[PDB]
Amino acid sequence: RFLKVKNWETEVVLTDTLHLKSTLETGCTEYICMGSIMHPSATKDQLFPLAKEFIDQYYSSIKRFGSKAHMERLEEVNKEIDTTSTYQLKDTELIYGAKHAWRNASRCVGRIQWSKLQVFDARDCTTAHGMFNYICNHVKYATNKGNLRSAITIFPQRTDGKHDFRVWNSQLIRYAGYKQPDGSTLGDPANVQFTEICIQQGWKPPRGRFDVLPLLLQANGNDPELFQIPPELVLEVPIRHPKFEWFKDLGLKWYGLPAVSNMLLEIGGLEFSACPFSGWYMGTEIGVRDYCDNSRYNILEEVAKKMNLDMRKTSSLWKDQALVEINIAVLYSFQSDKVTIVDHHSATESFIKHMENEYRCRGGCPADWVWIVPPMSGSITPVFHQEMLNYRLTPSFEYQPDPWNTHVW
Amino acid sequence: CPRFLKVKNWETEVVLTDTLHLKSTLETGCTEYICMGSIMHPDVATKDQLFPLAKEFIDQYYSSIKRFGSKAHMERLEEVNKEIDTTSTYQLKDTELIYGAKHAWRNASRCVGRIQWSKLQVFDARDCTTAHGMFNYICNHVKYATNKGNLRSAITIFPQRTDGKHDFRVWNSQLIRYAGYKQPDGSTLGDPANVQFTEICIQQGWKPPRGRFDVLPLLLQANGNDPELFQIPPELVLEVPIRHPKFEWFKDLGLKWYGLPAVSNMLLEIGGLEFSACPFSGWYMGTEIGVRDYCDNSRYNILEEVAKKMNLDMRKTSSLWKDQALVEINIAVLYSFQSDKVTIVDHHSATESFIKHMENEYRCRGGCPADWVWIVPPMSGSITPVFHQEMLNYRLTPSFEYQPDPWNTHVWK
Ligand code: HEM
Ligand code: HEM
Ligand SMILES: Cc1cc(N)nc(CCc2cc(CC[C@@H]3CCCN3C)cc(F)c2F)c1
Ligand SMILES: Cc1cc(N)nc(CCc2cc(CC[C@@H]3CCCN3C)cc(F)c2F)c1
Ligand SMILES: C[C@H](O)[C@H](O)[C@H]1CNc2nc(N)[nH]c(=O)c2N1
Ligand SMILES: C[C@H](O)[C@H](O)[C@H]1CNc2nc(N)[nH]c(=O)c2N1
Ligand SMILES: [Zn+2]
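Chains X and A, in that order, are what the protein sequence lines are.
Counting from 1, position 153 in the first sequence corresponds to residue 153 in my numbering; the numbering is continuous, with no gaps.
Take any residue in the second sequence, note its place counting from 1, add 409, and you have its number in my numbering.
Spelled out as structure tokens, the structure:
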């Protein structure tokens, strides 16, 4: 049936028909909603219908459904799965599928950009050195001297599960984290464990507060290998405040390129377990989560110190004051260094415009409210007031298990 | 459905195990293929529908008092069954009414204040017959709950629905709200959210002061009759002028708010009985006023004026002038309430209390249904502990439910 979503601020009512096309589960039932669970719970016979559905929507997207080219592709794909237990996507299908996995990512507020995506085909890669070369070209292309460009690099698909290509880093660029003897943590505490895998594999840690981690790349199921991204390819921004001149003395920096490297791209039943993709940051990703999560850099006390705020009672909102100033600094710093960044007001507004577009031309837009609403100032952004329907469309980005939990050395 | 469901807290790594969801009774709106968790809203019971609903409730009540299967339990079941047989309804005992109201709060997945659920004063108003009598009961509620600023949570329960043509309803959505007036030029005076109800009040005879913070009259419907207007005695309406501890100019904005949040449009369901008039009240979390009431665009919408008095760059959104003003508005609200010794809770203490409450409920009860979309405060979400807490949402009974607006269904006499 048709379903209606309403924006309680504007009273706009959009009508969703696109959800009728889903078949993957969401995790919910009629009796329990799992909307805030972060991760709720092939063969030749599983593969062809998935392939058929994907080929069908591709040829339907270029408005040649049931065409001769369409019909031959179906048989081409049928014979190929038959004789080989898998198949290979055409270039056009690879690009279509990657853009549409982004389009369908319900947790991404940046999707108004979905059709501007540079797709790098790396399916001829065979070694970790080749992966490193492909990844360096990606980073260079996407960074573009601060004029960031969305990109994805796609390595060979899964075959038997024993020859997987994996980027073991969860993101291409991250800072190391170190367990200090006295119990505290230097660097990024989220990466203490991965840093120790790199140390244990031979990485010489500078043991600073913002050490860019090496790449750890696994090709064709082999043991992973370490590589250092050339530093001139790693663009970084010293964080300073437009009014508080003491802010630069905090010694804070961050990298310009957000690039998720641990997800699985599924297209037509094929699984690409190494598909690093990147865009540009929304300021709150750095200013709220990375810097102010209690389990991340956790800088709120320090900033509130220099601001000389009353920190004895929570109801002074000293944390909320320091939070806003930290996020002002991040936006100001990136903009002053001409590095692409978007504030959560502009991003959410664009996302509302995007939803409007997708409802008109596509009949819906899957969206996960829990993730779309920014982690600060929620209700002064328009998405807070926007009812959203969440559902799973394919091609898609999915989570997969960490490689250090399954790999036999 | 699986017997054990696990939720995780991603900041602390604490994993909790839920079995209470097996007792889920109503529908969420979600399916296996679509989640409706951000949808705001996703003729009486017959004898056959009523029997199992009542037994379910009575069994639960007698379990809670460690008398399950007792002689009193079997006798109460038999008496209730006979009453439904001969009268097609039944009456709750005072103990059962109190238990059911506290558990509807305890079950309210959208409420972050539930650590308090067992301290709820219940006023049995099932003997009320007229709107005047409703007015008396509501005044006593307001006075009791306000307590000169040392607020006490309370509920007043009017007679249950019979055939649906004799409903008791409070037409007000909340007991205390400010009027809103649409102007000929399209601007709005007062609270724009309340323009429709205000128009109804004026139509029913209310003389409007046409100010910015005019307390609305009560519009009260007894036994399905036409509703009648009453003015709450102003000495019973505690209000707080908003000032800022640092910014001397903040009081010059002329802002104030009422002290008592009292929801009066919900339906209380106990044992299949429907209490269509059950006003309940607690105390405010500051963000309800400082973020939503004051800074929602379609509400009082003061961010602009505060930012100007703060002399902020309002040309670029990336200056975060909105965020900066929003914080100071919420600082003023908490400061003004604490200075006047009116109970209020900030969003940091409320969410910490809720996490502790949720853990205890998981321990002692096997779960705690919670609606993350509502539990996370509307500002500074991720620096509160609920942001990082996975929650399962499901509908237990007794429950508070939404119901149609009474002007949309009432048959005028
Ligand atoms: C171009 C600018 C982009 C912006 C501003 C943006 C913004 C965001 C933000 C703020 C999140 C939440 C991330 C978190 O809290 O961990 C997110 C999630 C996500 N984004 Fe985008 N993004 C962009 C580009 C892209 C691209 C190019 C892709 C894929 C080709 C993508 C796919 C995703 C996915 C799959 C998620 C969910 C990841 C997860 O569930 O962990 N995004 N995005
Ligand atoms: C005693 C202190 C209390 C606090 C701090 C508190 C806090 C809150 C807050 C912040 C909300 C969200 C309101 C909104 O965003 O519109 C809420 C909702 C709710 N509360 Fe509580 N509350 C309290 C007492 C109560 C009581 C006494 C009851 C019932 C006996 C109750 C039942 C509910 C219900 C049913 C909702 C959902 C309302 C809806 O869906 O519109 N609360 N509470
Ligand atoms: C393409 C794109 C654009 C954009 N603007 N942002 C992103 C996300 C970037 C990102 C994510 C994470 C993981 C956060 C984990 C995952 C689940 C819980 N959370 C703690 C770590 C990072 F270092 C990072 F940069 C991607
Ligand atoms: C017992 C209790 C304690 C507490 N702390 N808060 C509350 C809520 C109080 C409350 C609710 C509403 C409804 C807001 C509507 C409903 C959905 C959309 N929203 C615009 C308006 C109010 F004026 C009000 F005071 C109740
Ligand atoms: C428990 C909850 O699902 C978890 O904290 C989510 C909440 N919303 C989020 N939203 C975004 N964008 N990113 C996140 O990591 C999270 N974390
Ligand atoms: C669309 C969305 O569901 C709606 O704006 C909700 C979001 N969460 C909320 N949370 C609370 N506490 N109160 C609300 O009114 C809302 N509104
Ligand atoms: Zn759901």
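Heads up, the beta-carbon is just placed ideally off N, CA and C, and yes, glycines get one too.
Check	Outcome
In chain A, which residues lie less than 8 Å from residue 343 of chain X when you measure between Cβ atoms?	726, 727 and 729
For residue 436 of chain A, does the three-state DSSP call read helix, strand or coil?	coil
Tell me which same chain residues have a C-beta within less than 7 Å of the C-beta of residue 173 of chain X, skipping the five on either side of it?	212, 234, 255, 257 and 259
CB-CB under 7 Å to residue 730 of chain A, same chain, minus the five flanking residues each way: which ones, in chain order?	716, 721, 722 and 723
What in chain X is Cβ-close to residue 743 of chain A, meaning under 9 Å?	315, 316 and 317
Measuring straight from C-alpha to C-alpha, what distance separates residue 480 of chain A and residue 487 of chain A?	11 Å
Taking residue 426 of chain A as part of the beta strand (DSSP E), name the residues at either end of that continuous run.	424-427
Starting from the beta carbon of residue 327 of chain X, find every residue of chain A whose beta carbon is closer than 8 Å, and list them in chain order.	729 and 732
Excluding the 5 residues preceding and the 5 following residue 698 of chain A in the sequence, name in chain order all residues of the same chain whose CB lies nearer than 6 Å to its CB.	666 and 742
Pick out whichever of X/83, X/280 and X/293 has its Cα sitting closest to the Cα of residue 792 of chain A.	X/293
Can you name, in chain order, every residue of its own chain whose Cβ lies under 8 Å from the Cβ of residue 575 of chain A, other than the five neighbours on each side?	632 and 633
So what's residue 108 of chain X in DSSP terms, helix, strand or just coil?	coil
Taking Cβ positions only, does residue 537 of chain A come closer than 8 Å to chain X?	no
Taking all protein chains shown into account, do 16 or more other C-beta atoms lie within 10 angstroms of the C-beta of residue 692 of chain A, making it buried, or fewer, making it exposed?	buried
Cβ closer than 9 Å: which chain X residues qualify as neighbours of residue 801 of chain A?	32, 33, 34, 36 and 37
In whole angstroms, give me the CA-to-CA distance for residue 3 of chain X and residue 103 of chain X.	20 Å
Select from A/411, A/601, A/675 and A/485 the residue whose C-alpha is nearest the C-alpha of residue 463 of chain A.	A/485
Quick one: Cα of residue 192 of chain X to Cα of residue 183 of chain X, how far?	12 Å
Going by alpha carbons, who is nearest to residue 436 of chain A out of A/804, A/452, A/772 and A/569?	A/804
Quick one: does residue 375 of chain X have its CB under 8 Å from some CB of chain A?	yes
Pick helix, strand or coil for residue 580 of chain A, following the three-state DSSP scheme.	coil
Going by DSSP in three states, residue 8 of chain X sits in which element: helix, strand or coil?	coil
Looking at residue 752 of chain A: is its Cβ nearer than 8 Å to the Cβ of residue 545 of chain A?	no
Just confirm the distance between the C-beta atoms of residue 99 of chain X and residue 117 of chain X, as a whole number of angstroms; I'd bet it's less than 8 Å.	5 Å
Is residue 699 of chain A helix, strand or coil when you go by DSSP?	helix
With a threshold of 8 Å, are at least 3 pairs of Cβ atoms found where one atom belongs to the segment 656-665 of chain A and the other to the segment 784-802 of chain A?	no
Which complete alpha helix (DSSP H) runs does the segment 303-362 of chain X hold, if anything under 4 residues is left out?	318-336 and 344-362
Determine the closest residue to residue 364 of chain X out of X/19, X/262 and X/150, with distance taken between C-alpha atoms.	X/19
Report buried or exposed for residue 449 of chain A, applying the criterion of at least 16 other Cβ atoms within 10 angstroms of its Cβ.	exposed
Where the beta carbon is closer than 6 Å to any heavy atom of ligand 6, which residues qualify, in chain order?	X/8, X/384, X/385, X/386, X/387, A/447, A/449, A/782 and A/783
My guess is that residue 370 of chain X and residue 36 of chain X are in contact by the Cβ rule of under 8 Å, so how many angstroms apart are they, rounded?	5 Å
From the beta carbon of residue 288 of chain X, is the nearest beta carbon of chain A less than 8 Å away?	yes
Please confirm whether residue 238 of chain X and residue 333 of chain X have their CB atoms less than 8 Å apart.	yes
Could you work out which residues of chain C lie near residue 790 of chain A, taking near to mean beta carbons separated by less than 9 Å?	Looking at the structure shown, chain C is missing, and the protein chains on hand are X and A.
Have a look at residue 168 of chain X and residue 695 of chain A and give me their C-alpha separation to the nearest angstrom.	44 Å
Mind pulling the chain A residues with CB within less than 9 Å of residue 370 of chain X?	446, 447, 781, 782 and 785
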